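Before any questions on how it binds or moves, here is one chain, the form deposited without this ligand, in structure tokens.
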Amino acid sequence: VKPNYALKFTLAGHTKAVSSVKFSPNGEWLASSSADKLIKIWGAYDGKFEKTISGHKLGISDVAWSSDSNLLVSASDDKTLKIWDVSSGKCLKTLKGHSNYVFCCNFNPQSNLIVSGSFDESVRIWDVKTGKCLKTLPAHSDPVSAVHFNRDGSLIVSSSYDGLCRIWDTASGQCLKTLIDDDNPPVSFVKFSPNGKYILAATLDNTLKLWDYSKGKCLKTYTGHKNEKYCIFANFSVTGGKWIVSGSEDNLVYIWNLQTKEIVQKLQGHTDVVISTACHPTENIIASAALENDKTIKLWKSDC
């Protein structure tokens, strides 16, 4: 019916605003990135600080895991991405080519490829083994806010402050579809649904939308939260009830019934904008993270 997410752990350690949290595919770890130029790794179930991963010259906006949970990629204002070995903490590769801040990144399912999005308005596809850039997509006419592969990696979805969502064929780099929502507020976040059929997109008019990709139709709208300023991550929660999860500029974590669009729970505790949320792959566990006047991560757990 409704979840009952309760605070389990508050994770302190970052010296500046947190930018992104992501659970490892094996569910064992939480990774966090931050304006403090650091990646930190935490136990997903006990909240225990594990290690700090350092090397970027400026703040980090996004981090992402490889399928086997062995690698991380981060996106930095220093114009690079870095591929990291999680167990050692060593930088395996530095991905150079973007001409402005790198803002978002993701591995494909196979994890032989990384996709990046930058303020340079481009989307780049990188070879994980070599670190060389395979393709540069002239994707948008403003900063790229998010990039995400579908469930088999055959497609890429991107979003930009230009007001557009675009779907790209990974193999060729050609554009398959542009989603033009009549009236084009900046699109601050986008990702595929777990089944690859839909796309969840956030726009900077306090609105989340679920689109049918094949048909190009908006099926669901989620409102009631605050989002006009920051690129806040949104999630599909699939482990218990089927929810949509997002942070909010009113310091709250919002949870909606995916189907009914009704707010089912609001998570109170953070003392600044909740910029990032992640949903655990197997357990009813949420991780949330907040900006400059908070700087902490919170782990929450529900019965459904």
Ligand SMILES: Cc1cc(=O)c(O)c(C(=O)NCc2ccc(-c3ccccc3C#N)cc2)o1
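We call the rigid core whatever largest set of C-alpha positions still superposes within 1.5 Å between the two forms. Just count from 1 along the sequence shown to find any residue number.
**Q.** Stretch with larger C-alpha RMS deviation in 9 other deposited structures of this protein, core superposed, 174 to 182 versus 222 to 230
**A.** Per-stretch check in 9 other deposited structures of this protein: the more divergent one is 174 to 182.
Q) Which stretch is less alike in 9 other deposited structures of this protein, 114 to 122 or 212 to 220, counting RMS CA distance after the rigid core is superposed? A) The more displaced stretch in 9 other deposited structures of this protein turns out to be 212 to 220.
Q. Out of 97 to 105 and 184 to 192, which stretch has the higher average CA B-factor listed in the record?
A. The recorded data point to 184 to 192.
**Q.** Stretch with the greater mean C-alpha B-factor as recorded in the entry, comparing 259 to 267 against 66 to 74
**A.** Taking the mean B-factor of the alpha carbons in each, 259 to 267 is higher.
Q: Using the temperature factors in the entry, find which of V157, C231, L208, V115 has the highest value at its Cα atom.
A: Max CA B-factor in the entry, restricted to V157, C231, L208, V115: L208.
Q) Which listed residue, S141, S145, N150, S88, has the largest C-alpha temperature factor in the record? A) Comparing C-alpha B-factors across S141, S145, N150, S88, the maximum falls on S88.
Q: Could you look up the Cα B-factor of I275 in the entry and say which third of the chain it sits in: lowest, middle or highest?
A: Its C-alpha B-factor belongs to the lowest third of this chain's values.
Q: Tell me, lowest, middle or highest third: where does the Cα B factor of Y198 rank within its chain?
A: Highest third - that is where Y198 ends up once the chain's C-alpha B-factors are sorted.
(Q) Quick check on the deposited entry: does the C-alpha B-factor of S246 sit in the lowest, middle or highest third of its chain? (A) Middle third - that is where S246 ends up once the chain's C-alpha B-factors are sorted.
Q) Ranked by Cα temperature factor within the chain, is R166 in the lowest third, the middle third or the highest third? A) As the PDB entry reports it, the C-alpha B-factor of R166 lands in the middle third of its chain.
Q) Should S34 be placed in the lowest, middle or highest third of its chain by the C-alpha B factor in the entry? A) Its C-alpha B-factor, which the entry lists for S34, ranks in the lowest third among residues of this chain.
One more form of this protein exists, namely the form deposited with this ligand bound; it is left out here, but the text below deals with it.
**Q.** Partner-contacting position among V128, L179, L137, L210 - heavy atom within 4.5 Å of this ligand in the deposited bound form
**A.** Looking at the other structure, the residue within range turns out to be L210.
**Q.** Selected contact from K48, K51, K242, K266, since only one has a non-hydrogen atom within 4.5 angstroms of this ligand in the deposited bound form
**A.** Selected option: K242.
Q | Contact segment among 40 to 48, 23 to 31, 65 to 73, 234 to 242, judged by heavy atoms lying within 4.5 Å of this ligand in the deposited bound form | A | Of the options, only 234 to 242 has residues within 4.5 Å of the partner.
Q) At the 4.5 Å heavy atom threshold, is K90 in contact with this ligand in the deposited bound form? A) Heavy-atom contact with this ligand at 4.5 Å: absent for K90.
Q. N150 near this ligand in the deposited bound form, any heavy atom under 4.5 Å?
A. Judged by the heavy-atom cut-off of 4.5 Å, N150 is well away from this ligand in the deposited bound form.
(Q) in the deposited bound form, does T271 come within 4.5 Å of this ligand, counting heavy atoms only? (A) Although this ligand is absent here, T271 would stay clear of it in the deposited bound form, with no heavy atoms inside 4.5 Å.
Q: Spell out, yes or no, whether the shortest heavy atom distance between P194 and this ligand in the deposited bound form is within 4.5 Å.
A: Contact with this ligand, yes.
(Q) Suppose contact means any heavy atom within 4.5 Å; which members of 246 to 263 contact this ligand in the deposited bound form? (A) Residues within 4.5 Å: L258, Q259.
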